[PDB]
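Observations on the model geometry
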There are 2 protein chains.
Amino acid sequence: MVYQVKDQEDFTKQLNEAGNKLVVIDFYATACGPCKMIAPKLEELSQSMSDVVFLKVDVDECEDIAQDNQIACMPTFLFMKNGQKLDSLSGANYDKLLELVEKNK
Amino acid sequence: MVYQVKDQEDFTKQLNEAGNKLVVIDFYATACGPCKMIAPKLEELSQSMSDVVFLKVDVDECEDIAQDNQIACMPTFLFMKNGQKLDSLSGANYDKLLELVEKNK
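Residues numbered from 1 in each chain as written, not as in the entry; some residues may be left out. Chains lettered and ligands numbered in written order. Heavy atoms only, no water.

In the PDB header, X-ray crystallography is given as the technique by which the entry was determined, and 1.880 Å as its resolution.

This is how it looks when you write it as structure tokens:
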């Protein structure tokens, strides 16, 4: 499942739960075409990679976090581990998403 | 101004009319917050940099053009000159857009 981050303190909450695991955060928007296109594949990825934590952030609801992360288009995938930023992917490029999960898990 | 490309035939025509000028193409969508956010700044850029050709392509109307260019989120800026792809920018990052215009002008 892709758990939706409700706020900044729920955000930090989840990066701790994640412990040592790679964390993938989908920064998305409600009516966003590419976001809807990749969403089912991301759900599928979260169910097949149970040692990776998948989160999502509504940039309309969490402008705080989105601007903190200089999100410039949606979806943007942020890759994090132990609180550090490992990489980012701007856009719904499924194969690049797969490569980055493989590279960083 | 930022001229809206109507179809593939119009896209080729505008690229030809540009001669050897740099062409910057904004692939945008209607339901796209970041596209709206940068739209006025792109318009003002097209006025200041009158020796660069600025075009825009609505990816919902020109799906095959968007697919040909592997557009993965919006806005994406494609930089072209003499029929050659020079650069791509995924997202509404105004300072990056300025840097890439200067680099490729």
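What follows concerns the pairing of strand β2 (residues 23–28) of chain A. Residue and element names in this part refer to chain A. Burial analysis of β2 places six of its six residues in the buried class, the great majority of the element. Covered by surrounding structure in β2 are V23, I25 and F27 together with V24, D26 and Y28, the residues of both alternating faces. One ladder, built from six bridges, connects β2 with strand β3 (residues 53–58); its direction is parallel. Bridging across to β3, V23 finds its partner in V53. Where β2 and strand β4 (residues 76–81) come together, five bridges link them in antiparallel fashion. (Buried < 20%, exposed > 50% of the residue type's maximum accessible area, 1.4 Å probe, protein only. Helix = DSSP H or I, 4+ residues; strand = E, 2+ residues; numbered from the N terminus. Pairing = 2+ DSSP bridges.)

Overlaying chain A with chain B gives an RMSD of 0.3 Å, the required rotation being 179° about an axis along which the chain moves by 0.1 Å. In short, the pair behaves as if placed about a two-fold rotation axis. Mapped onto chain B, 91% of the interface residues of chain A again fall at the interface, so both copies present the same surface. (Least-squares fit on C-alpha atoms. Contact = heavy atoms within 4.5 Å.)

Turning next to the packing of helix α2 (residues 33–48) of chain A against helix α4 (residues 94–104) of chain A. All names here are of chain A. Closest axis-to-axis distance for the α2/α4 pair is 11 Å, and the angle between their directions is 25°. Between α2 and α4, the interaxial angle falls into the category roughly parallel. Viewed along their axes, α2 and α4 form a crossing whose handedness is right-handed. Two secondary-structure elements touch here, α2 through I38, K41, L42 and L45 and α4 through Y94, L97, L98 and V101. Here the residues of the contact of α2 with α4 are counted per class, giving seven nonpolar, no polar and one charged. (Axes fitted to C-alpha atoms, helices over the stretch in contact; angles between N-to-C directions. Parallel < 35°, antiparallel > 145°, perpendicular 65-115°, else oblique. Left-handed = near helix turned anticlockwise from the far one by under 90°. Nonpolar A, V, L, I, M, F, W, Y, C, P; charged D, E, K, R; others polar.)

Residue and element names in this part refer to chain A. Inspection of helix α1 (residues 8–17) places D10, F11, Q14 and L15 among the buried residues, and these make up the whole buried set. On an axial view of α1, the arc spanned by its buried residues comes to 140°, and they lie on one face. In α1, the exposed positions that point more than 90 degrees away from the buried face belong to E9 and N16. In this structure, the buried side of α1 is in contact with β1 (3–4), β2, β3, α3 (63–68) and β4. (Arc of directions from axis to C-beta.)

Looking now at the state of the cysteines. For the structure shown, the criterion picks out two disulfides over all chains. Between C73(A) and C73(B) runs a disulfide, and the two sulfur atoms are separated by 2.1 Å. Taking the torsion about the S-S bond as the criterion, the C73(A) to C73(B) disulfide, at about -80°, is left-handed. Of this pair, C73(A) sits in the loop between α3 and β4 while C73(B) sits in the loop between α3 (63–68) and β4 (76–81), which puts the two residues in different chains. The class for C73(A) is buried, based on a relative accessible area of 1%. The disulfide partner of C32(B) is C35(B), and the gap between their sulfur atoms is 2.1 Å. (Disulfide = S-S within 2.5 Å.)

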